[PDB]
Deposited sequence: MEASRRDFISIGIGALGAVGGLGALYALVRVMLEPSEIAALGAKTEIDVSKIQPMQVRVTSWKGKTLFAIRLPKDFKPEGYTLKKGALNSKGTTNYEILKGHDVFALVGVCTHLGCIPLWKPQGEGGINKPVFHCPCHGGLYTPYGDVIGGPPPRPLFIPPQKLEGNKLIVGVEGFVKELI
C-alpha cells in the first residue's frame, strides 16, 4: 500500500536521522569509559610501594603493604584516590606519606594522622579478580 508506506518509510528515515544525530552529539561512548578496567598488575609492585594511575579520572594510588577509617581490613592491596583534601595537592609516598604543599600526613591506609586536611583520602570503588584491580 501507499498511504501507509509513506508513513512507515518516513518513520524509518526519521529514526535513522535521529540515530545519527544522537550518535554524533550525545555519544562519548567507548572513549568515555577510560578507564573502567584500569589494568593494575599487582604482581609487579613490591611491598610498601605505590603506583600513580587513574580510575575515573586523576588520580589513583595503588598501595601494597604486608602488615599493619579502615573501611577495609587486611587484603594487602587496594586503591585510593590520591589528592590532598583541604586544598588539593598530590601526596608523595613515604609508614605515612605526606604532601609537601602544607604538611598534611596520611597513613598507608588513607586516614590523616596530623591534619591540615579535615578528611582522609576517599576509597574509590574497586574490584580485585586474581592479579588485577579495578
query	finding
Regions left out of the model, expressed as runs of the deposited sequence counted from 1	1-7, 76-95, 122-130, 171-181
